[PDB]
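Form deposited in one PDB entry, single chain, as structure tokens, below.
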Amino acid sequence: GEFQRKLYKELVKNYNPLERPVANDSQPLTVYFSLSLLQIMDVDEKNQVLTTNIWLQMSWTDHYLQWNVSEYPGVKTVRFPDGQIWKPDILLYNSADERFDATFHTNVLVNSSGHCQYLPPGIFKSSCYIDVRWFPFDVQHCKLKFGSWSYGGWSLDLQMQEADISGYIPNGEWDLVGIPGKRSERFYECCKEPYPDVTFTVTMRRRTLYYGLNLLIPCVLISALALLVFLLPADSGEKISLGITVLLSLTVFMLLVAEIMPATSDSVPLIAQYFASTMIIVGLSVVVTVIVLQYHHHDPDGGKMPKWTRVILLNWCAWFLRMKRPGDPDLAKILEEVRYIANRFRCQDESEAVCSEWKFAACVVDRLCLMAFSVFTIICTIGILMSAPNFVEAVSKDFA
């Protein structure tokens, strides 16, 4: 259009993109800043990097870019590319990307009175502290700090507007709680002029269904199966294998959790405490199994049963767990031989009785330790999994 061509020719006369567009040079240029959250794309726990998809919103008033629509009837707005008009240099101080600025530079929409609009999209990789103390029942607060880089507080009056979440797409792993913001001005060692900035905090809660189904339940089941050694008879000759195999099979779970966790030294993760407790339980299970095995394969006439062992394992625990304790010269020569044979059988009977009593003691010890270990593992698991805050909320929101 001829009007469009004339307006574009007239709007660029003696225009310097290096100057701040203010009618008076002694007042700051008010700029309104806001962002629109679109998607939380990634939360890296190991590298402590948060990846989001946002649209920055910048608005200000330009004094030289004004015209009367009477002389230009058809055209009401004008768009300008990068490098042709003045734009604020607003960056992200918290950036964690090789290019310190990740914004696709689009056009600038202008009023017929000089109201510039800037909506640059882009995927932002910011570095925020990730707390894994109560993993996987944790809520994270990651900050996004925005502000002008080279304009002080006397030339650029930054003003914050509320973030817009009307186009937010659920992540499916993180539940968004909110995104407040606040404006503050700081002093830097470079200069003696305040530099206002706008900080947005993103609060999200991890959904625990997947982790609960894939890490907590299998460990519970395997630890429960590890108690099955306290039910096998000692004569089966398989007791050590169960404990060893369950220890081996939980080593891989420990290694997996270690590989998915950041190498932080600020606190002990709740899952780490759980796995250490389970390791301890299995270790003492194996120790008790060895003790029972060495009690059951006792050598008759190899020692004397201590009186304390006798009383404690035959009159107290047997009662408490309702145990039931099991229970012419030729003729002369013939007689000598038959008494010898009978005496040999009698000694065999005494030896087998001693062996039976030793085996009964081993069985009593085994059952008592079974009960104690079951109580201990239930208590430890319940306490560890209930210690974390908002665990009831997480359960009621995800599972039920």
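Don't overthink the numbering: it's just position in the shown sequence, from 1. Between two forms, the rigid core is defined as the largest C-alpha subset superposing within 1.5 Å.
Participant: Can you count the deposited residues that have no coordinates between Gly327 and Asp328 and report it as none, 1 to 3, 4 to 9, or 10 or more?
Facilitator: Unmodelled stretch: 10 or more residues.
The same protein also exists as the form deposited in another entry; that form is not shown, yet it is the one meant from here on.
Participant: Give the option from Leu221, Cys191, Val290, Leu228 whose C-alpha shifts by 2 Å or more between this form and the one not shown; the alignment is on the rigid core.
Facilitator: Spelled out, the residue whose C-alpha shifts by 2 Å or more is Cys191.
Participant: Is the shift of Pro262 between this form and the one not shown large enough to count as movement, that is, does its C-alpha move by 2 Å or more after the core is superposed?
Facilitator: Yes, the C-alpha moves 2 Å or more.
Participant: Honestly, after the rigid core fit, is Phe253 moving at least 2 Å at Cα between this form and the one not shown?
Facilitator: Yes, because once the rigid core is superposed, the C-alpha of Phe253 moves 2 Å or more between this form and the one not shown.
Participant: Core-aligned, does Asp62 move its Cα 2 Å or more between this form and the one not shown?
Facilitator: No: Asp62 shifts by under 2 Å between this form and the one not shown.
Participant: With a change of at least 3 Å, which way does the C-alpha separation between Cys190 and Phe200 go in the other form: closer or farther?
Facilitator: Relative to the shown form, the pair is farther apart.
Participant: If the C-alpha spacing of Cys190 and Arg99 moves by 3 Å or more in the other form, is that a move closer or farther apart?
Facilitator: Residues separate in the other form, at least 3 Å farther apart.
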